[PDB]
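Same chain, two versions here, written out as structure tokens and called structure 1 and structure 2.
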Structure 1
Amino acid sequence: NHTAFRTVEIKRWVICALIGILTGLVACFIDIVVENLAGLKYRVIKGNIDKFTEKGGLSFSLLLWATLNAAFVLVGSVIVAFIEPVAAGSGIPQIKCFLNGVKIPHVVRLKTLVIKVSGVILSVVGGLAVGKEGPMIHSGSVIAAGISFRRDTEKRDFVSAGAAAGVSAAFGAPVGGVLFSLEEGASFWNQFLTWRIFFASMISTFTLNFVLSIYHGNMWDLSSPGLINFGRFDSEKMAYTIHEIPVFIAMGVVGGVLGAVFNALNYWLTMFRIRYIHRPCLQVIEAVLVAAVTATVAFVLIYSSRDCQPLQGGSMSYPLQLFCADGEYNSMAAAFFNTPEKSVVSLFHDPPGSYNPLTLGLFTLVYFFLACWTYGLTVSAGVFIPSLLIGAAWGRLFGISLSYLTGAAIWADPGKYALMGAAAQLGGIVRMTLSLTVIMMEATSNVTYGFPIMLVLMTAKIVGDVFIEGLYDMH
């Protein structure tokens, strides 16, 4: 009767409230631990580099950086490759399959959550070109399937709420998380189920915002709705006209082509790894070698970079002065030392002329292949943030080129085109458009920017699908 239905229904809302609360807490734990561990690692590296800069022996600083990257990834890859291989990657395809209806072994076990959270912490601290936002979706699903109603029909509904809560916590987009659970579900419309999914999604982003606020002491300020916060786009500089619509469509073509190349190289690389690097010992060695190479390539770019500009208010978290004048700090070092989320935010909101095209171009080309190489490693890590960083990097270069070509026109704001470039790369790579589109508006907090973003994403998807077919036919 109604008494039995209401008793069950309130427990569903109670459980989905815990799913959102715990998903936000896990995101807080990941963000706090990564920030403290990466800060400790970069302070050691920066201190060692500064000691050897004038006395000599910078090769030891490179060795220390590579060893520190390898040591963290060694732990982060051993636990994934040897204990729970299911934790490898962002875990979204496993979650998509679970919501589809096919059960992959060891996806929603409590051991997977521990390894996924530990793996993503060590992988991000390990210096790999990865992002921690992607695995947060898998973490929410495991919390939902463990906290929860011991039957398949209810469990899938809870997992959808957990996955939605993970998306909301990762990007601060509670509506985008609900959309993500909706399309992956692709079932009959349930008003109550969609309601408790929304309740879990919004509880999740509030818990992340609230707990991080008390961590920063700034309780009277809630400015961290997600793991990555794009900032505020309420600027006359961040305004577009109808004449820029064809330009934005062109960026989608670039994002679709680059995304197809990103997937093409990663596809051939994946086939190589399946045939030859399938043994768990080899996967651990490969992940360690990638981490060592990532530090080596970063050091070489920093060492050979001759462009450095004076410290701003918050340009660098760890300003590295190397071979140039006192009071100035390496610009290329800031690209690698700063967190990828911080780099994306700075690219989105920066006055024109803040980035030298040469150092930004070199970083974009190197990071594009490092991110492509890093995906597929037997580590718990995502690809959304590297995709965002790659797109924002070349999107800013597109804005820089437009300003040069149009005589520093007002409408040619590099920051605006960085946002368009970030969407184009995300669109051309993940090929998920609806939930992605809602995420950008919620991240940017600008409805008017939805229309160019929607066009850019739509262009990237159709171009990427056509180009992927063409590349495979040529091969």
Structure 2
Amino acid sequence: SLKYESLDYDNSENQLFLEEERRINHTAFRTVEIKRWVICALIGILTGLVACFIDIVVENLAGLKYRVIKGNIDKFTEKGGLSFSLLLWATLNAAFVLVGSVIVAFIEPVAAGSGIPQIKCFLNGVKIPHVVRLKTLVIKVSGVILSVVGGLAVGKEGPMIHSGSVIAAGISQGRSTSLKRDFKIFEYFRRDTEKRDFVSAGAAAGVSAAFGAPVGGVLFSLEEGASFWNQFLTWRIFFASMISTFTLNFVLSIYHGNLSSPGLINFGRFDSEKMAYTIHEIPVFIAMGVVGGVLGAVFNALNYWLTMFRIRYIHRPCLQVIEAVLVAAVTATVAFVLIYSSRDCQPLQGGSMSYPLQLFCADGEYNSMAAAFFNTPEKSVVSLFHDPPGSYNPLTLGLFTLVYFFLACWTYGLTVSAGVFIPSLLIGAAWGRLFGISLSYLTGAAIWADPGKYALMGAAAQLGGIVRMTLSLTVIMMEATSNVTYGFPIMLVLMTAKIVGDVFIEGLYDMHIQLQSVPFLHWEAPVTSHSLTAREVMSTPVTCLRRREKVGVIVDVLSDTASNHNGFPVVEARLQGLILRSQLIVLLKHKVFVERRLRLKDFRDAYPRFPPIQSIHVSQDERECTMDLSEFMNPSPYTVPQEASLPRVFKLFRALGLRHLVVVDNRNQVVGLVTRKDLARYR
């Protein structure tokens, strides 16, 4: 819990920063804004290209795998020996998943999962050690490719978010730390504030590319940041998201030959008379959301019981690889068994399925269970949303829903790049269409009882129940559906689905964040917040640096192995400012003592990795010198009264993205310090 540091979003307005800004504004021309816009444009373009590459590779590899399996099944249908087809399916799945799990578990364990919790923590202000590294990007892309081609109940949409963030964090700095290659651009943006801004833009671009929902991504980034309103930053995020969508669509169109691919998953067009809701349908929607919540809770609950087990028995990397391989094999076996035992043969329209499988079915017919399991989840969802009333058998749909629910619950925590949006959407769509069929039977084939609309509602309800988002999720669903009206039902089902869920258990992302012991700041303080004050929250006694401090004392306090504090308030005992451990280390490394002059470029060059205390060597004679701190600290630190109410402190801390908050007495007396860990230890 103490290995998770914080992000220095609060820029220090020291004398050197003021001089740098003065010189920059005295150059007769300002290029910082132009560079920011260019960076956002590149972020969007590269995110779109990455999405296109992922889509193309997945399409080709999955097509070949399915073709091989289908050919083997057809060849052995009448001759016999269908078991060999099962062996082949399981073996291919196991091989792909083995490669993916080997690259993730051993080389970069951080790449596991969707990566959305990591970016949520990042925008909250917590740095997880290896979230924005190049190795993480490469590993995540390869792992998502292999897992999707590996036949796992996963998706390739969520990870894009993470990917975008990495790009934003990388090209912004203008250099490659991992590759040790430096290009002479973007030195100004080598700071935490610009990094977080660009990362928010990249996450929005990733959401837009995944779902074709630029405004949804903008809202996602705004919610996660939860900061003071910034007009220009929001404009830039919107710009990046829209460039990402345009790039994805254009590149996919040119690859395919001849503007109909806004995102990776595309639900289709719901502009039809069949898709229309009356007022009398408002209650049923809500009821259905209830179910979502309940089901969602159960899902999450089970995963919790799973995760603990994995944390405490299956933690060795080889065990993780074995678990992933076995899960893939079992998924393939279950799909094959369900297809084999199926008895519902349906005529094929022609092109409805890319790889129609006939097995114990009359000539000219196909097996629906194969359609469910032998197809991509995205177009399965699309079909579930757009099919005629009698296109499904209730028994097969129910079996598929149950089995896929359990499989997706099993698969989320594996040590492989994956996602949980599409599986939840698919489960919701399946049981929503089941509900629609039930209603149509009950209502005597009423026109308003269209199974596809209820499938969409169930998809939204399940997605909300598992991952409990309301606003950005609602906008994402509205944009993907391309209809504004269906928002009003959606907002309701997402509203209730969330509420019911919160009664039983928390969300998936939140739960996994807590299980990592990450200090996460929520939107608001708890109910008892008004009762408490800053006196109990603040930590005492405080270690303060005199405005006139000796090198020996500074070395002694920095080297203290009892704790590692990266921020110290200055004192005369009157507060005068705040200085970070990094600034002191830089000053010591440069031997700035009083007994030729520094610039902020020297501070930025050390970014983002700073040397430890043990590295610096100081002689005995030098330790007798004094350090003039006045000209390097934050002269106007944010401060609150000793008796200020807890909600006020939490509000200021979250909105301003602060790291250290000085709690002061009535005579500008330093009496305490507040960090995110002080605020986060409440529930």
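Shifts are known only where both forms have a C-alpha. Between two forms, the rigid core is the largest collection of C-alphas that superpose within 1.5 Å. All residue numbers here follow the sequence of structure 1, with the first residue given the number 1.
Q. Keeping the rigid core fixed, what distance in angstrom separates the two C-alpha positions of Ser315 between the two structures?
A. On core superposition, this C-alpha lies 2.3 Å from its counterpart.
Q) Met432: how far does its C-alpha move between the two structures, core aligned, in angstrom? A) C-alpha displacement of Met432 between the two structures: 1.4 Å.
Q: Can you read me the CA shift for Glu469 between the two structures, rigid core superposed, in Å?
A: Its C-alpha position differs by 7.9 Å.
Q) After superposition on the rigid core, which segments of 3 or more consecutive residues show C-alpha displacements of 2 Å or more between the two structures? A) Three-plus residue runs displaced between the two structures: 1-6, 313-315, 467-475.
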